[PDB]
Amino acid sequence: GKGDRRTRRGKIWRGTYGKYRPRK
Amino acid sequence: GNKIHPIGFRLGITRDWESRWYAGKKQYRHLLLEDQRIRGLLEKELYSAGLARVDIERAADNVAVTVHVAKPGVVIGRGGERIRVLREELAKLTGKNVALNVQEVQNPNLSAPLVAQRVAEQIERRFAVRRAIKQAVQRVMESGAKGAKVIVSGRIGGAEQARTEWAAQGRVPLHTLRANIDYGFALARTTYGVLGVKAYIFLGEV
Amino acid sequence: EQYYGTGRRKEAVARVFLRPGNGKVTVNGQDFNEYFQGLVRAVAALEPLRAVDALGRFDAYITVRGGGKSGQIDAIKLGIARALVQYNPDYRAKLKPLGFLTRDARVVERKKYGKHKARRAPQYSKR
Amino acid sequence: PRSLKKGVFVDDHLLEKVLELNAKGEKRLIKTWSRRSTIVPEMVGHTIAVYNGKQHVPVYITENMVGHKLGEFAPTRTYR
Amino acid sequence: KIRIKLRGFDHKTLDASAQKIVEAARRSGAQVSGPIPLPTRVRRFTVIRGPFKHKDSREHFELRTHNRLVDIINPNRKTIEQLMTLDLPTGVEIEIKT
Amino acid sequence: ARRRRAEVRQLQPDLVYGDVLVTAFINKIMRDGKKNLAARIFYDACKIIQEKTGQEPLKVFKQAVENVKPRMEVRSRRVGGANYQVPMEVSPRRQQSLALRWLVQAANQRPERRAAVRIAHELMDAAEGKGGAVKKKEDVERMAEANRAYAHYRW
Amino acid sequence: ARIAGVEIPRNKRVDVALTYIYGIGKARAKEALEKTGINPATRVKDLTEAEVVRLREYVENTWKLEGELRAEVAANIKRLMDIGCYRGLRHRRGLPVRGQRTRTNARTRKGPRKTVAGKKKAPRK
Amino acid sequence: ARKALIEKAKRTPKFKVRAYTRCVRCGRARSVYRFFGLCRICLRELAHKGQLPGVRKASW
RNA sequence: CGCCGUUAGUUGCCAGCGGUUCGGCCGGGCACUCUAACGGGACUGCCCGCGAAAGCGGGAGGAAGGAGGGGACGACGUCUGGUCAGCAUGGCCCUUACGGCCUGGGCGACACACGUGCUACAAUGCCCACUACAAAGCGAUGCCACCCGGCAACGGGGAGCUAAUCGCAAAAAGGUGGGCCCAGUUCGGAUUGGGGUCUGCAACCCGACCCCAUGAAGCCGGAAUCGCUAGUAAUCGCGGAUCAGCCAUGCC
Ligand SMILES: [Mg+2]
Ligand SMILES: [Mg+2]
Ligand SMILES: [Mg+2]
Ligand SMILES: [Mg+2]
Ligand SMILES: [Mg+2]
Ligand SMILES: [Mg+2]
Ligand SMILES: [Mg+2]
Ligand SMILES: [Mg+2]
Ligand SMILES: [Mg+2]
Ligand SMILES: [Mg+2]
Ligand SMILES: [Mg+2]
Ligand SMILES: [Mg+2]
Ligand SMILES: [Mg+2]
Ligand SMILES: [Mg+2]
Ligand SMILES: [Mg+2]
Ligand SMILES: [Mg+2]
Ligand SMILES: [Mg+2]
Ligand SMILES: [Mg+2]
Ligand SMILES: [Mg+2]
Ligand SMILES: [Zn+2]
């Protein structure tokens with residue numbers, strides 16, 4: 001989970017945002 | 001390992017800061033540096049007076065250096081032509097207009113920095129260490145004081161194997177905050193190494 | 001006009017207001033059950049009123065600030081238990097032995113250096 | 001998956017040197033220490049000597065390797 | 001309606017000089033909004049105890065800035081005249097807006 | 001426990017059966033601090049104990065715990081020789097823990113997919129006498145009265 | 001049904017099934033179902049023969065998939081192998097191309113451990 | 001460190017990314033808390049001497 | 001840190017009435033929460049039993065009861081322990097190099113082995129959507145609301161905040177809904193091909209991030225072995241220091 005870049009959990013873990021964790 | 005700085009531990013209560021000013025996170029760095037330069041130009045040139053401490057305070061640009069020496073004679077000079085030279089030599093490093101004051105030390109044998117400072121100088125003049133220390137302590141104990149303790153580091157006497165010499169009497173209650181234990185460290189640049197002189201001086205309670 | 005208690009619990013603060021009424025409890029501009037929706041522990045915030053017979057004889061306007069909902073439950077619980085004692089000092093008898101008056105001083109322990117986590121110690125080899 | 005945005009980079013002392021030798025003939029060997037520089041189409045031809053921390057190397061320069069960085073062709077370490 | 005955010009590194013020296021800024025009157029001239037608490041900001045530094053290795057040693061230092069507010073409503077000119085040479089703390093600072 | 005005999009903690013009673021055992025079970029079912037969905041399991045399990053049986057769930061949960069509590073167990077012993085498996089009695093405190101632990105573990109071995117179901121069926125099966133929990137209990141007591149020869153080390 | 005060259009994803013949701021083709025994952029599935037208007041959720045067996053067609057006519061004519069991709073990449077590597085490239089060497093040795101460590105931990109690029117004798121005169125390790 | 005290696009003194013560092021820190025007291029290049037401008041080791045020394053105003057042993 | 005009081009009202013409110021562009025937004029007041037200075041509070045002080053005493057067991061009252069919880073704090077000494085590469089510093093040593101400046105390389109090398117970790121092997125789970133509750137911190141040549149372009153990293157524009165007032169900021173597990181249905185899977189995200197963004201003179205060696213495709217090993221681990229006695233372990237997110245950027249899953 002936390003390892004996959006293209007997921008909710010995964011993007012949260014790596015600080016970031018994007019297609020898979022919209023900033024808002 | 002062990003034993004925190006008996007000053008820095010008590011810094012909260014029984015002992016207040018040498019330099020006591022306020023500054024923002026864009027200034028603190030600079031004031032601190034220059035504050036240091038002053039102590040350096042001060043601890044070197046004022047050796048003879050034997051300076052125990054240097055209080056430094058700041059405000060509306062100005063800087064209130066309050067030097068504590070045993071013999072304010074040597075900081076005054078020709079009736080002035082020395083306290084002027086030094087308030088001047090500070091005006092160059094500090095572009096901010098300094099104000100040099102001088103504080104008498106009633107009892108040099110009740111200020112750990114000086115006591116230690118005393119011992120240091122003997123060890124260079126090749127005095128007998130063991131006695132120096134037993135003596136130093138007595139001179140401090142004879143001057144009132146609830147207790148006192150001195151420590152010389154290693155290579156006592158040119159001895160190839162570094163040692164440690166001791167001496168201490170009265171109470172020197174290190175783990176109690178409610179103490180007031182002036183601490184002082186002196187270096188001793190001998191021919192064959194360096195030596196460290198730690199001096200503890202207990203007095204009062206609350 | 002109403003009755004009041006505070007009640008804190010583990011970084012959380014409730015303020016408990018006790019009106020006389022039908023049993024309608026409201027928590028932070030919301031219904032009591034709308035706020036603790038689906039948290040089985042919830043019903044235990046009202047264990048004072050249950051054990052002094054007051055479950056439906058009071059309304060209760062409660063504000064809650066800080067922490068997490070399960071501590072807010074425990075803190076409301078203290079809040080209620082206190083209001084209900086300054087409304088009738090005799091209630092302590094059927095209230096103090098239950099424990100509802102005590103405040104739970106159990107709080108998160110500080111993170112220690114050279115540990116991973118206050119007590120979790122780093123793992124070592126060769127011994 | 002690399003990085004040349006709306007800038008594109010080629011260290012210029014080497015560039016003014018190669019474009020200069022595109023007014024006529026191709027200088028056999030050019031002594032560079034800048035492996036930093038991308039290869040432009042105008043380099044396809046003249047053999048450039050990329051350094052190494054130890055030795056300039058005879059990197060002949062095909063058109064099949066344009067978008068690449070110079071140092072990608074002068075291996076640094078030595079292995080078995 | 002004058003604004004006065006006070007701040008320094010010591011708070012024995014703050015509350016004892018914010019008090020000295022409330023020397024217009026206790027409450028008989030201008031309103032006085034009382035010395036306002038206003039949360040302190042704590043910087044921390046964490047230093048490895050020795051030089052060279054011993055990761056697990058560590059020692060904590062903090063430097064905390066305490067902040068006060070006060071604020072006086074309706075500034076009579078003699079109230080201001082007192083904002084001249086009337087101070088003693090050295091480690092206390094003084095923001096002033098209106 | 002080198003100094004004091006160390007007392008047991010008093011879990012507050014259930015919110016729905018007002019019971020202590022049911023908190024205990026719920027606590028053993030819980031992992032990673034997720035107590036909400038441990039209770040969300042035990043209760044879901046309780047709905048299932050009825051819609052599969054005319055009996056009330058508390059009476060069944062209690063009934064099955066009793067069928068798993070072990071009257072005897074062995075714990076090893078170092079002597080003037082080696083390891084001897086001494087048959088011991090089992091305190092009422094330890095039977096509690098052992099039963100509950102065994103019940104969850106047994107439940108999670110099961111092939112049913114929802115957790116509540118696994119708990120449900122284990123809780124049921126154990127009441128009716130059978131089921132993995134009971135098997136690692138009828139088993140445990142079988143090692144006692146087999147090392148009966150070493151009963152004379154009763155501690 | 002046959003969506004891409006020799007592909008046959010059946011019996012799961014359409015989106016999930018499409019990923020069983022080489023050049024296709026969660027994102028091109030979502031996309032190519034939106035852009036052909038088939039409800040992603042339907043099982044494969046319940047796809048209209050008409051649907052199955054508008055699906056294929058997109059996927060196949062719009063993207064390099066399966067075979068025509070597998071040898072685009074393979075021949076893409078041979079490119080950096082055929083020039084003097086560093087990534088080429090790394091490809092040729094069989095060692096982490098994207099600038100990793102190899103002192104430990106490059107198992108996935110290296111294959112299983114080829115363990116060798118370690119000492120000649122030093123303790124037990 | 002090397003007295004020579006205080007070309008941190010080099011006011012123009014050519015590129016602003018060759019700019020680095022160094023303890024203004026000892027030269028240390030490697031724990032220089034930027035607030036103080038001092039390295040970690042100097043900081044503890046000065047903290048204990050009470051020459052960092054306001055700075056104190058911290059416990060909580 | 002836990003209970004309470006006094007001082008203090010540009011943070012806090014169906015406490016109490018007035019207005020509402022149903023936001024404590026407005027008048028308005030500080031009661032409450034809080035903020036942070038100064039105080040009270042605990043004493044085996046009270047009761048019952050054992051005790052020669054110290055104290056032990058228990059019980060009241062209390063927020064807390066015998067060291068209430070956690071820090072700071074480490075004795076004479078030991079290890080000839082670590083560190084002359086933080087800093088000093090005796091001695092010895094080099095002095096068109098054992099000093100100094102560059103550019104490039106190295107510290108990142110891979111047949112192997114170990115330590116400390118991270119992410120996992122899934123249904124008490126994973127995915128998507130909606131929605132709820134933190135604490136501590138940091139912010140000027142900085143945090144960036146909001147608007148526009150981009151699938152997105154991010155670019156353009158731009159408000160506020162020297163910050164209890166603006167921003168980082170979304171807390172996340174949780175809760176409600178839907179999907180997946182025992183599969184190496186909608187588990188796991190390693191590897192690799194491609195296209196990009198930003199930082200920096202510059203990202204080949206050797207940056208982080210985003211997007212598309214690829215989708216490895218892994219089905220709970222031999223011998224052995226580590227942590228933890230309570231808000232502890234387990235688990236979930238958040239912040240800082242260092243720092244252009246960042247290899248941070250480390251540390252505090
Ligand atoms: Mg996944
Ligand atoms: Mg925690
Ligand atoms: Mg030139
Ligand atoms: Mg320690
Ligand atoms: Mg040097
Ligand atoms: Mg740098
Ligand atoms: Mg209070
Ligand atoms: Mg109204
Ligand atoms: Mg007695
Ligand atoms: Mg050594
Ligand atoms: Mg290294
Ligand atoms: Mg090793
Ligand atoms: Mg957009
Ligand atoms: Mg669901
Ligand atoms: Mg396991
Ligand atoms: Mg313990
Ligand atoms: Mg974990
Ligand atoms: Mg950073
Ligand atoms: Mg972090
Ligand atoms: Zn330093």
# chains A, B, ... in the order shown; residues from 1 in each chain; ligands from 1

call {"tool": "closest_atom_pairs", "arguments": {"of": "chain A", "to": "ligand 13", "cutoff": "12 Å", "atoms": "only C-alpha atoms and all ligand atoms", "output": "JSON lines"}}
result
{"residue": "A:18", "atom": "CA", "partner": "ligand 13", "partner_atom_place_in_ligand_line": "1 (Mg)", "distance": 11.2}
{"residue": "A:19", "atom": "CA", "partner": "ligand 13", "partner_atom_place_in_ligand_line": "1 (Mg)", "distance": 10.8}
{"residue": "A:22", "atom": "CA", "partner": "ligand 13", "partner_atom_place_in_ligand_line": "1 (Mg)", "distance": 10.2}
{"residue": "A:23", "atom": "CA", "partner": "ligand 13", "partner_atom_place_in_ligand_line": "1 (Mg)", "distance": 10.5}
{"residue": "A:24", "atom": "CA", "partner": "ligand 13", "partner_atom_place_in_ligand_line": "1 (Mg)", "distance": 10.1}

call {"tool": "residues_around", "arguments": {"residues": "residue 52 of chain F", "least_positions_apart": "2", "cutoff": "10 Å", "atoms": "only C-alpha atoms (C1' of nucleotides)", "output": "PyMOL selection string"}}
result
chain F and resi 47-50+54-55+120-121+124

call {"tool": "residues_near_ligand", "arguments": {"ligand": "ligand 14", "cutoff": "9 Å", "atoms": "only C-alpha atoms (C1' of nucleotides) and all ligand atoms", "output": "PyMOL selection string"}}
result
chain I and resi 177-179

call {"tool": "residues_around", "arguments": {"residues": "residue 81 of chain G", "least_positions_apart": "3", "cutoff": "12 Å", "atoms": "only C-alpha atoms (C1' of nucleotides)", "output": "NGL selection string"}}
result
(:D and (64-65 or 72-73)) or (:G and (74-78 or 84-94 or 97))

call {"tool": "write_last_selection", "arguments": {"atoms": "N, CA and C atoms", "output": "compact mmCIF listing (two decimals), in the first residue's frame"}}
result
# COMPACT_ATOMS: atom_id res chain seq x y z
N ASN D 64 23.02 8.44 -34.01
CA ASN D 64 22.15 7.58 -33.21
C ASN D 64 22.23 7.89 -31.72
N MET D 65 22.97 8.93 -31.36
CA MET D 65 23.20 9.24 -29.94
C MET D 65 23.17 10.74 -29.65
N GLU D 72 27.94 10.08 -20.67
CA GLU D 72 27.30 8.77 -20.80
C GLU D 72 28.14 7.81 -21.63
N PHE D 73 29.26 8.29 -22.15
CA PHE D 73 30.09 7.51 -23.08
C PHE D 73 31.53 7.31 -22.62
N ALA G 74 12.24 -3.87 -26.27
CA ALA G 74 13.42 -4.71 -26.42
C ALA G 74 14.41 -4.03 -27.36
N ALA G 75 13.90 -3.57 -28.50
CA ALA G 75 14.72 -2.92 -29.51
C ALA G 75 15.04 -1.50 -29.08
N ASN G 76 14.31 -1.01 -28.09
CA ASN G 76 14.62 0.29 -27.52
C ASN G 76 15.87 0.20 -26.66
N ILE G 77 16.03 -0.94 -25.99
CA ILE G 77 17.19 -1.18 -25.11
C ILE G 77 18.44 -1.41 -25.93
N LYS G 78 18.29 -2.20 -26.99
CA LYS G 78 19.39 -2.49 -27.89
C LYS G 78 19.96 -1.19 -28.44
N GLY G 84 27.60 3.86 -27.34
CA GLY G 84 28.54 3.64 -26.27
C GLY G 84 27.96 3.83 -24.88
N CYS G 85 26.64 3.89 -24.78
CA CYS G 85 25.97 4.39 -23.57
C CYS G 85 26.26 3.63 -22.28
N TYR G 86 26.14 4.35 -21.16
CA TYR G 86 26.36 3.78 -19.83
C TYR G 86 25.22 2.86 -19.45
N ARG G 87 23.99 3.34 -19.61
CA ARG G 87 22.81 2.52 -19.37
C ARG G 87 22.87 1.24 -20.18
N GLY G 88 23.58 1.30 -21.30
CA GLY G 88 23.77 0.14 -22.14
C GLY G 88 24.66 -0.88 -21.46
N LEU G 89 25.77 -0.41 -20.91
CA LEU G 89 26.66 -1.28 -20.17
C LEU G 89 25.85 -1.92 -19.07
N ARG G 90 25.15 -1.08 -18.31
CA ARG G 90 24.36 -1.57 -17.19
C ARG G 90 23.35 -2.60 -17.66
N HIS G 91 22.78 -2.39 -18.84
CA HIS G 91 21.87 -3.38 -19.38
C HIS G 91 22.60 -4.68 -19.72
N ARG G 92 23.82 -4.54 -20.25
CA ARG G 92 24.60 -5.69 -20.71
C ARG G 92 25.14 -6.53 -19.56
N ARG G 93 25.59 -5.88 -18.49
CA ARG G 93 26.08 -6.59 -17.32
C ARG G 93 24.92 -7.24 -16.60
N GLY G 94 23.81 -6.51 -16.56
CA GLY G 94 22.61 -6.94 -15.85
C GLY G 94 22.58 -6.33 -14.46
N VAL G 97 20.06 -0.14 -13.74
CA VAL G 97 20.28 0.91 -14.72
C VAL G 97 20.04 2.32 -14.19

call {"tool": "residues_near_ligand", "arguments": {"ligand": "ligand 10", "cutoff": "12 Å", "atoms": "only C-alpha atoms (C1' of nucleotides) and all ligand atoms", "output": "number ranges by chain"}}
result
E: 52; I: 81-84

call {"tool": "closest_residue", "arguments": {"among": "I:220, I:97, I:228, I:14", "to": "ligand 16", "atoms": "only C-alpha atoms (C1' of nucleotides) and all ligand atoms"}}
result
I:228

call {"tool": "interface_residues", "arguments": {"of": "chain B", "to": "chain E", "cutoff": "12 Å", "atoms": "only C-alpha atoms", "output": "ChimeraX atom specification"}}
result
/B:1-4,8-9,11-13,16-17,19-25,28,56-64

call {"tool": "write_last_selection", "arguments": {"atoms": "N, CA, C and O atoms", "output": "compact mmCIF listing (two decimals), in the first residue's frame"}}
result
# COMPACT_ATOMS: atom_id res chain seq x y z
N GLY B 1 32.59 10.48 31.02
CA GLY B 1 31.26 10.93 30.65
C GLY B 1 30.80 11.98 31.63
O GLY B 1 31.33 13.07 31.61
N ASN B 2 29.83 11.59 32.46
CA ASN B 2 29.26 12.33 33.63
C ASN B 2 29.43 13.86 33.88
O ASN B 2 30.23 14.53 33.26
N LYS B 3 28.63 14.39 34.81
CA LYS B 3 28.76 15.77 35.32
C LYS B 3 28.51 16.91 34.29
O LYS B 3 29.42 17.23 33.51
N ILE B 4 27.31 17.50 34.30
CA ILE B 4 27.02 18.66 33.43
C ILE B 4 27.67 19.88 33.97
O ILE B 4 28.04 19.94 35.14
N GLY B 8 25.65 25.94 33.55
CA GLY B 8 24.58 25.68 32.60
C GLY B 8 23.41 24.87 33.13
O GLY B 8 22.34 24.81 32.51
N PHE B 9 23.60 24.25 34.29
CA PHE B 9 22.58 23.44 34.92
C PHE B 9 21.72 24.32 35.78
O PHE B 9 20.50 24.16 35.83
N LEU B 11 21.67 27.56 35.43
CA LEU B 11 21.40 28.72 34.58
C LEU B 11 19.98 29.22 34.74
O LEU B 11 19.71 30.43 34.69
N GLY B 12 19.06 28.29 34.93
CA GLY B 12 17.68 28.64 35.22
C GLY B 12 17.61 29.58 36.41
O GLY B 12 17.30 30.75 36.27
N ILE B 13 17.92 29.04 37.58
CA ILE B 13 17.82 29.80 38.82
C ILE B 13 19.13 30.47 39.20
O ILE B 13 19.61 31.36 38.51
N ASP B 16 22.56 33.81 36.55
CA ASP B 16 21.96 34.47 35.39
C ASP B 16 22.96 34.59 34.23
O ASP B 16 24.15 34.38 34.43
N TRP B 17 22.46 34.91 33.04
CA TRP B 17 23.25 34.84 31.81
C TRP B 17 24.32 35.92 31.74
O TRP B 17 24.07 37.05 32.15
N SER B 19 25.69 37.38 28.93
CA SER B 19 25.09 38.40 28.05
C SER B 19 23.57 38.29 28.01
O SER B 19 23.03 37.25 27.64
N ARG B 20 22.86 39.35 28.39
CA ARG B 20 21.41 39.28 28.52
C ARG B 20 20.64 40.32 27.69
O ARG B 20 20.19 41.35 28.20
N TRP B 21 20.47 40.01 26.41
CA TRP B 21 19.74 40.86 25.48
C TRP B 21 18.71 40.03 24.71
O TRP B 21 18.68 38.81 24.84
N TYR B 22 17.87 40.69 23.92
CA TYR B 22 16.92 40.00 23.06
C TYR B 22 17.12 40.35 21.59
O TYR B 22 17.53 41.46 21.25
N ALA B 23 16.82 39.39 20.71
CA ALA B 23 17.05 39.55 19.28
C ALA B 23 16.24 38.55 18.47
O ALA B 23 16.00 37.43 18.91
N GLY B 24 15.83 38.97 17.27
CA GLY B 24 15.03 38.15 16.38
C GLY B 24 15.88 37.15 15.63
O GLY B 24 17.11 37.22 15.67
N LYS B 25 15.24 36.22 14.94
CA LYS B 25 15.96 35.14 14.27
C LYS B 25 16.70 35.58 13.00
O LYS B 25 17.11 34.75 12.19
N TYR B 28 19.98 37.68 16.07
CA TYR B 28 20.62 36.87 17.11
C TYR B 28 22.00 36.34 16.71
O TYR B 28 22.96 36.42 17.48
N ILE B 56 27.36 41.56 29.23
CA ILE B 56 27.06 42.39 28.07
C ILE B 56 25.55 42.52 27.83
O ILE B 56 24.84 41.52 27.77
N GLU B 57 25.08 43.76 27.70
CA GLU B 57 23.66 44.05 27.54
C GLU B 57 23.43 44.94 26.33
O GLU B 57 24.28 45.76 26.00
N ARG B 58 22.30 44.79 25.65
CA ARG B 58 22.04 45.62 24.47
C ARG B 58 20.65 46.23 24.49
O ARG B 58 19.78 45.79 25.25
N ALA B 59 20.45 47.24 23.65
CA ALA B 59 19.16 47.92 23.53
C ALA B 59 19.10 48.77 22.26
O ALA B 59 19.57 48.33 21.20
N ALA B 60 18.54 49.97 22.36
CA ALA B 60 18.42 50.88 21.21
C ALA B 60 19.76 51.11 20.52
O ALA B 60 20.33 52.21 20.60
N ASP B 61 20.25 50.06 19.85
CA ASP B 61 21.54 50.03 19.16
C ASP B 61 22.75 49.92 20.09
O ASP B 61 23.77 49.36 19.70
N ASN B 62 22.64 50.44 21.31
CA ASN B 62 23.81 50.54 22.20
C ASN B 62 24.13 49.31 23.06
O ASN B 62 23.27 48.45 23.28
N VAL B 63 25.38 49.24 23.52
CA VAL B 63 25.94 48.03 24.12
C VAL B 63 26.63 48.29 25.47
O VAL B 63 27.66 48.97 25.52
N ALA B 64 26.09 47.73 26.55
CA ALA B 64 26.59 48.02 27.90
C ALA B 64 27.50 46.95 28.51
O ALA B 64 27.06 46.18 29.37

call {"tool": "decode", "arguments": {"residues": "segment 57-83 of chain E", "atoms": "C-alpha atoms", "output": "PDB file, in the first residue's frame"}}
result
ATOM      1  CA  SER E  57      23.667  10.669  23.909  1.00  0.00           C
ATOM      2  CA  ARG E  58      21.759  13.893  23.106  1.00  0.00           C
ATOM      3  CA  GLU E  59      20.861  16.966  25.195  1.00  0.00           C
ATOM      4  CA  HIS E  60      17.987  19.397  24.821  1.00  0.00           C
ATOM      5  CA  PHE E  61      18.135  23.168  24.756  1.00  0.00           C
ATOM      6  CA  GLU E  62      15.274  25.579  24.312  1.00  0.00           C
ATOM      7  CA  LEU E  63      15.011  29.335  23.765  1.00  0.00           C
ATOM      8  CA  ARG E  64      11.535  30.655  24.572  1.00  0.00           C
ATOM      9  CA  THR E  65      10.080  34.026  23.562  1.00  0.00           C
ATOM     10  CA  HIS E  66       7.270  35.299  25.807  1.00  0.00           C
ATOM     11  CA  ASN E  67       4.790  37.794  24.410  1.00  0.00           C
ATOM     12  CA  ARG E  68       2.456  40.339  26.089  1.00  0.00           C
ATOM     13  CA  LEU E  69      -0.154  42.783  24.705  1.00  0.00           C
ATOM     14  CA  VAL E  70      -1.606  45.372  27.156  1.00  0.00           C
ATOM     15  CA  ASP E  71      -3.168  47.938  24.714  1.00  0.00           C
ATOM     16  CA  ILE E  72      -4.552  51.253  25.961  1.00  0.00           C
ATOM     17  CA  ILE E  73      -7.785  52.879  24.714  1.00  0.00           C
ATOM     18  CA  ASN E  74      -8.093  56.660  24.327  1.00  0.00           C
ATOM     19  CA  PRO E  75      -4.519  58.054  24.545  1.00  0.00           C
ATOM     20  CA  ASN E  76      -4.387  61.321  26.449  1.00  0.00           C
ATOM     21  CA  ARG E  77      -1.168  63.167  25.697  1.00  0.00           C
ATOM     22  CA  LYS E  78       0.244  62.963  29.237  1.00  0.00           C
ATOM     23  CA  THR E  79      -0.266  59.199  29.097  1.00  0.00           C
ATOM     24  CA  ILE E  80       2.073  59.306  26.078  1.00  0.00           C
ATOM     25  CA  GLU E  81       4.522  61.708  27.785  1.00  0.00           C
ATOM     26  CA  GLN E  82       5.135  58.836  30.187  1.00  0.00           C
ATOM     27  CA  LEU E  83       6.312  56.667  27.278  1.00  0.00           C
TER      28      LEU E  83
END
